[PDB]
């Protein structure tokens, strides 16, 4: 039998989650090839093999596409989680509100120098199965001086917020920080009255959201049954 899920994989990062999904597609492909080869060697048993492959193609390709789509989503999640507001040094308040010294909210991203989640040479960089995905939402700003994502006060113009903001509005800058908050969501397959099933993911205010994730997991489940039916050909 073909093991779609990698037991020796510990998903702890978005890039890890994307490689786990790609592993599903690689394993799904091997099961399809073996079914194709079994029907090819039988050239009746070849008629029922081709029949099983054709009947399961819709379920196979829908879940294959869903695993790939989830790998794509996690790849973008792994890049966007780096989004930050940059610190800006304080400036005497009268000059901080107009040209040439206006204090700016500066977006910044950290862009991979390779294909995201991959090395330059092309290699990856990261019981019932568990599907784990990472999701983003708006970060929560601070609520007092010297906390993230706030206007930074200091008695001395020119001060870097990293050295400590004060309750002092003589000069003002910006203490930056992460624009997003990243969290994991998980669903662990379990035996159901008629087979196996994934509990729903709850994540209503994130990117991706749970409607997007649950739709894809449902299709991954159809890939798993399609692969099991494919393994039954050579068994």
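Positions refer to the first chain, counted from 1.
Visitor: Quick one: classify how much of the deposited chain lacks coordinates between residue 190 and residue 191, choosing none, 1 to 3, 4 to 9, or 10 or more.
Guide: Missing in between: none.
Visitor: According to the entry, are there none, 1 to 3, 4 to 9, or 10 or more residues of the deposited sequence without coordinates between residue 82 and residue 83?
Guide: Count of unmodelled residues in between: none.
Visitor: On mean C-alpha B-factor from the PDB entry, just flag whether 112 to 120 or 99 to 107 is the higher one.
Guide: Mean CA B-factor is higher for 112 to 120.
Visitor: Given the B-factors recorded for C-alpha atoms, which segment has the greater mean, 29 to 37 or 180 to 188?
Guide: That would be 29 to 37.
Visitor: Name the one of 69, 168, 210, 45 with the greatest CA B-factor according to the PDB entry.
Guide: Answer, based on the entry's C-alpha B-factors: 45.
Visitor: Comparing recorded Cα B-factors across 151, 125, 131, 136, which one is largest?
Guide: Answer, based on the entry's C-alpha B-factors: 125.
Visitor: Going by what the PDB entry lists, where does residue 201 fall on CA B-factor within its chain: lowest, middle or highest third?
Guide: Ranked within chain, residue 201 CA B lands in the middle tercile.
Visitor: Which third of the chain does residue 214 land in by C-alpha B-factor: lowest, middle or highest?
Guide: CA B-factor rank for residue 214: lowest third.
Visitor: Among the chain's modelled residues, which third holds the C-alpha B-factor of residue 173?
Guide: Residue 173: CA B-factor falls in the lowest third of its chain.
Visitor: For residue 61, return the chain-relative third of its C-alpha B-factor as stated in the PDB record: lowest, middle or highest.
Guide: For residue 61, whose C-alpha B-factor we compare with every modelled residue in the chain, the answer is the middle third.
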